[PDB]
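Chain letters run A, B, ... following the sequence lines, proteins first and then strands; every chain starts at 1.
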Amino acid sequence: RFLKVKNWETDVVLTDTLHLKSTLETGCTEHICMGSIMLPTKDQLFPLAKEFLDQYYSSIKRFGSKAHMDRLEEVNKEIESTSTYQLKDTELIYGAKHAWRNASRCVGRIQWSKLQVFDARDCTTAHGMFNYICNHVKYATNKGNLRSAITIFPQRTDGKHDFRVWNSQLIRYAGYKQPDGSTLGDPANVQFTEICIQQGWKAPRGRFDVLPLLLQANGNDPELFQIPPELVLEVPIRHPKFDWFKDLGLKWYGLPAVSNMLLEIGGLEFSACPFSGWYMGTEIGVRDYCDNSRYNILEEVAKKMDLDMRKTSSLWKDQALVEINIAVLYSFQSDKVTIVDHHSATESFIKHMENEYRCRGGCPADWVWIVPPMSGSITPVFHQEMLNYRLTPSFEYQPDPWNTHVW
Amino acid sequence: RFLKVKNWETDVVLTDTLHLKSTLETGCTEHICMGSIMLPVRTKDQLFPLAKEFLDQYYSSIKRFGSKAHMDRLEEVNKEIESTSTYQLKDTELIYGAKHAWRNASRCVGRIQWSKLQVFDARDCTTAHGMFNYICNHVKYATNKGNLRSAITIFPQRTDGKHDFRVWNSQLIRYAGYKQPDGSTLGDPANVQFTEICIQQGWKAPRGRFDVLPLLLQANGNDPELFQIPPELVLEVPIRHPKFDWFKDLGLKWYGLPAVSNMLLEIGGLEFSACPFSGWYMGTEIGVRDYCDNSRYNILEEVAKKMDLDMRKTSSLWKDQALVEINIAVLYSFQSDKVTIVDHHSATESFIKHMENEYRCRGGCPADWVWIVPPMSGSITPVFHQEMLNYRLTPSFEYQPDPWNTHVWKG
Ligand code: HEM
Ligand code: HEM
Ligand SMILES: Cc1cc(N)nc(CCc2cncc(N3CCOCC3)c2)c1
Ligand SMILES: Cc1cc(N)nc(CCc2cncc(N3CCOCC3)c2)c1
Ligand SMILES: C[C@H](O)[C@H](O)[C@H]1CNc2nc(N)[nH]c(=O)c2N1
Ligand SMILES: C[C@H](O)[C@H](O)[C@H]1CNc2nc(N)[nH]c(=O)c2N1
Ligand SMILES: [Zn+2]
């Protein structure tokens, strides 16, 4: 019931007690572990609201106060009457920050308290949504000095009036299938890129075409909008030692901005809540560039290095992987765009974890996602035992809109 | 109940039904995953169900379930239990059992080799000297002049737990580690405590950086005895790099034979507390963990210095750059000396094929992702993108406490 987590590199042991407040289920059972699986009414709503407001007033050292009691009362009133309720701005801000704080797969949570929250609950149209997203992007990019932010659109009602951003990130490159069987651009977006064209997008059929936004307001049909290019800060990729690198023609964007998740606060569901921070180097260089199902350029970089690609045991893949990540980190720092290497980030997360164990009594963490895709065991998170469980408020996954949307 | 696992690189989906035959716990609950946690006297009462369950498996595998041969064996075992509180495995059962323990080892990326395991029955062993001889023969056979062969040696099973056989070493071959007055460490930091135990037990320590530890062997619950493995039986590989001539000057070498000796083999309710098993190394085990862990030989610094990497900011990825060269060197050295070894790309690719095969013919393959995924270059191996189910089948290898923490000293 009270749990121990050991670091095996430093022998340090923390005691987790926060997990006893775990509400949601994990997929796992006493018989089977699923830690590596990617995705496993009025009555319902009242307790959910109470649990939240309780922890809120607790955080502000005003638990059991009349302000607490009165709010619990008032929210209770509003639910019995309207079958839902609205969050005060302070609650909303607390809720968003805490959903990040509870994101077990996020290595960047040491920054959790410095989240800019833009309240877009007054939004009513796709054009209104577009305005808010543009402003989000601009605030967050900040000429390269990136800042964490979330923009929150109206909460779900009867499920027929959902607000959705159909893109998975605010900023991604298009994917096109070629007649010659291969793929141009980003293969991960071939379907979304189809839907865009299917909805009227004029694709320049290039390799790094910033996708248009597809915005759905109030359960309506989704509309297309192009982000002003001047707001999409991109970084050309060069190597600090290999001149030929530039010739590969690689660039990537500076703003990672997740837009398809569902924010749940106090039993309320915010289906459109795009949020952004800044990249860890490996996300781009390792995943985006070198994954087979992506830009998959390892072979090309390897050939320009003239490494022996005759036998896997020359580790040419690994050698190429390193230069590529060296270059990505190099380009961003050169262009003065915020980015963090996997060493510094994981070290930050260790400090954060210790902080959370000390001031909160634990920190839900998912080892499978915290450990970077390269160099895993030379980072301190590798040797860190972690406990995974789900606390609310939270970001949850949600189905792709196109499967759901009644047209 | 069916369970689906997906590969996100290939979209190959698999169905698990094998998890239904799982009985042991995992550590996880509906409200917590402990999947990244490293660690999660038996009566006639629970013993016979365990016996029966095993013998049913065994006779299914040889296509003789429900046979008279099957039934007589059950009644044989039953009577042996109620009259002697334990029972003895036939040799055929012991072999079947050890192979399956490996096959069920959810943390082992090397399980594709599981059917080819030489099993040495050391159950007639009664003394430490007898243990030394068995272990020496295991090492000689397994090493096979560098053309390594998988093997396991099985010593007598636990009885009342007051007469255990144990190998006190964690691996049959390992380098000493000595803590110095100034706080630093000579040798392998992982083995400091064991080295001390040995030294206390009368081992004369050469005190170098690559001293092969002696065997500390407990037979029948008696106090353990020291034995030195004959050096001619200890295959070692000088580490050098194919491009970097200064690399040999680092003075590194490693032993060829990975051989785990502190685990507990459970078959049909029987506990075999001494069961050293060995295979061959995956490159990263040496080049990533043994050399580059902070709490091990920690040569990342020096290698990076000699490559003259930019070590002022970690953003140069000097740590990663050096890590790769060390692993290239480990592979290059073993291959050049014709000592069997596998790189992490070949190993994980093979495990993936094995796994898919296990799903088809067997209905599943329990796998611990946290352990299967290699400790460098993780996402450019196919296992990174593979959803895996973890659960516990028997027979199995279990951890067991260190013997110096439980042993009752005789004198
Ligand atoms: C500020 C710097 C940030 C860094 C360095 C960072 C880093 C990461 C990384 C590396 C992942 C792993 C996902 C993958 O590799 O595919 C991740 C996931 C995640 N991050 Fe953070 N992030 C940052 C900001 C944020 C912010 C501002 C939020 C929310 C307010 C957030 C919420 C999440 C969530 C919910 C996930 C899990 C998403 C999923 O399940 O796919 N992150 N983050
Ligand atoms: C023959 C080639 C083999 C290879 C390449 C191999 C590879 C590995 C690796 C890399 C690990 C994880 C090690 C680590 O944490 O550093 C492992 C774990 C394991 N292997 Fe294998 N192995 C092989 C043979 C065997 C054999 C013959 C057995 C038993 C008969 C076996 C049983 C196990 C067990 C029980 C574990 C879990 C160890 C632990 O929890 O500490 N392996 N294997
Ligand atoms: C804010 C942020 C910063 C950062 N450095 N990295 C990410 C991760 C982006 C990201 C990571 N993993 C899965 C998704 N998807 C969108 C959510 O649904 C699954 C796919 C997105 C997000
Ligand atoms: C047989 C075999 C082959 C191979 N290539 N690699 C290993 C490594 C097994 C291994 C890895 N890590 C810790 C332990 N220990 C044994 C259990 O107790 C802790 C030490 C064992 C074993
Ligand atoms: C905390 C975590 O479980 C621990 O560091 C594990 C992670 N994965 C591992 N994987 C392997 N192969 N070997 C290990 O020792 C570990 N250690
Ligand atoms: C199958 C496996 O769970 C899948 O590849 C996971 C593994 N770990 C990950 N870790 C991060 N950071 N991001 C990911 O997308 C994944 N994918
Ligand atoms: Zn689990």
Value rounded to 0.5 Å, distance of [atom1] in [X] from [atom2] in [Y]:
X: B:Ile32; Y: A:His19; atom1: CD1; atom2: NE2; value: 5.0 Å
X: A:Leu214; Y: A:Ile195; atom1: CG; atom2: CD1; value: 7.5 Å
X: A:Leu233; Y: A:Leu255; atom1: CG; atom2: CG; value: 8.5 Å
X: A:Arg164; Y: A:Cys273; atom1: CZ; atom2: SG; value: 9.0 Å
X: A:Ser259; Y: A:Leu170; atom1: OG; atom2: CG; value: 4.5 Å
X: A:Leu3; Y: A:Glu385; atom1: CG; atom2: CD; value: 10.5 Å

Aromatic ring pairing A:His405/A:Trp407, orientation class (parallel under 30°, perpendicular over 60°, tilted between) |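 Geometry flag for A:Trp407 against A:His405: perpendicular rings.
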If we ignore hydrogens and angles and just use 3.5 Å, is the side chain of [X] paired with the main-chain N or O of [Y] as donor and acceptor?
X: B:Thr26; Y: A:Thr29; value: yes
X: A:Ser59; Y: A:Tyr56; value: yes
X: A:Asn142; Y: A:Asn145; value: yes
X: A:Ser344; Y: A:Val340; value: no
X: A:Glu78; Y: A:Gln86; value: yes
X: A:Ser394; Y: A:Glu396; value: no
X: B:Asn7; Y: B:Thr10; value: yes
X: A:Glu91; Y: A:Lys88; value: yes
X: A:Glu80; Y: A:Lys77; value: no
X: A:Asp341; Y: A:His343; value: yes

Can you give me the closest heavy-atom contact between [X] and [Y], atom names plus distance?
X: A:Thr125; Y: A:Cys123; value: O-SG, 3.6 Å
X: A:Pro274; Y: A:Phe153; value: CD-CE1, 3.8 Å
X: A:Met129; Y: A:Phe163; value: SD-CD2, 4.0 Å
X: A:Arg105; Y: A:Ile37; value: NH2-O, 3.4 Å
X: A:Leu24; Y: A:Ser22; value: O-OG, 3.6 Å
X: A:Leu18; Y: A:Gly362; value: CD2-O, 3.5 Å

4.5 Å side-chain heavy-atom contact, [X] and [Y]:
X: A:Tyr389; Y: A:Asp16; result: yes
X: A:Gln384; Y: A:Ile350; result: yes
X: B:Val383; Y: B:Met388; result: yes
X: A:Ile150; Y: A:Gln116; result: no
X: A:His31; Y: B:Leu20; result: no
X: A:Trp166; Y: A:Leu213; result: no
X: A:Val117; Y: A:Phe275; result: no
X: A:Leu53; Y: A:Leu72; result: yes

Pairs involving residues 194-212 of chain A, ordered by first then second residue, that meet side chain to side chain donor-acceptor pair (under 3.5 Å) (sequence neighbours left out) = A:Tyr176-A:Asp209
Cation over ring face, A:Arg147 and A:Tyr139, 6.0 Å, 45° =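 Satisfied, under 6.0 Å and within 45°.
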Are B:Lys6 and B:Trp8 in a cation-pi contact, defined as NZ or CZ under 6.0 Å from the six-membered ring centre and within 45° of the axis?
->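 Because its charged atom sits under 6.0 Å from the ring centre and within 45° of the axis, B:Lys6 does stack over B:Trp8.
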Audit row: A:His136, A:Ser276, side-chain hydrogen bond (donor to acceptor under 3.5 Å, both in side chains) steps and yes/no | CA-CA 9 Å; A:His136 177 130; A:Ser276 68; 2.9 Å; yes
What do you reckon, is CZ of B:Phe2 surrounded by more than 12 foreign heavy atoms closer than 6.0 Å?
-> no
Answer yes or no: does atom NZ of A:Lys177 have more than 12 heavy-atom neighbours from other residues, nucleotides or ligands under 6.0 Å?
->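 No - once you tally the heavy atoms of other residues, nucleotides and ligands closer than 6.0 Å, there are 12 at most.
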Would you confirm whether the ring centroid of [Y] sits within less than 6.0 angstrom of the ring centroid of [X]?
X: A:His98; Y: A:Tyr94; answer: yes
X: A:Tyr295; Y: A:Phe208; answer: yes
X: A:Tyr289; Y: A:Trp252; answer: yes

Can you list the steps and then say if A:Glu269 with A:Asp162 is a side-chain contact (heavy atoms from CB on, under 4.5 Å)?
-> CA-CA 10 Å; A:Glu269 292 176 309; A:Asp162 295 14; over 6 Å; no
Is there a donor in the side chain of A:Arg172 and an acceptor in the side chain of A:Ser168, or the other way round, less than 3.5 Å apart?
->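 Yes, A:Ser168 and A:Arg172 have a side-chain donor paired with an acceptor closer than 3.5 Å.
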Does one side chain, of B:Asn390 or B:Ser106, offer a donor that lies under 3.5 Å from an acceptor on the other?
->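 Yes, side-chain donor-acceptor contact under 3.5 Å.
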What's the verdict on side-chain hydrogen bond (donor to acceptor under 3.5 Å, both in side chains) for A:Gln55 and A:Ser58, showing C-alpha distance, side-chain angles and the deciding distance?
-> CA-CA 5 Å; A:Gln55 80 185 60; A:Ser58 198; over 6 Å; no
Looking at A:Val210, A:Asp288, A:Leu184, which one forms a side chain to side chain contact (heavy atoms under 4.5 Å, CB included) with A:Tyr173?
-> A:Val210
Is [Y] paired with [X] through a side-chain N to carboxylate O contact shorter than 4.0 Å?
X: A:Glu354; Y: A:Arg358; result: no
X: A:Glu74; Y: A:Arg71; result: yes
X: A:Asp89; Y: A:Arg121; result: yes

Between B:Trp369 and B:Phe384, is a ring pair (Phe, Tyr, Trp, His ring centres under 6.0 Å) present by the stated rule, with each step listed?
-> CA-CA 8 Å; B:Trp369 188 101; B:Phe384 184 91; 5.4 Å; yes
Passes side-chain contact (heavy atoms from CB on, under 4.5 Å), A:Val13 versus A:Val5? Steps please.
-> CA-CA 5 Å; A:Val13 181; A:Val5 276; 5.8 Å; no
Output, in order, the C-alpha distance, side-chain angles, deciding distance and verdict of side-chain contact (heavy atoms from CB on, under 4.5 Å) for A:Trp112 and A:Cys106.
-> CA-CA 10 Å; A:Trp112 76 265; A:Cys106 180; over 6 Å; no
Just grab all the salt bridge (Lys or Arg N to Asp or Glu O under 4.0 Å) pairs involving residues 17-36 of chain A, residues at least two apart or on different chains.
-> none
Does the pair A:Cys28 and B:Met34 meet the rule for a side-chain contact (heavy atoms from CB on, under 4.5 Å), with working shown?
-> CA-CA 9 Å; A:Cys28 297; B:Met34 313 220 323; over 6 Å; no
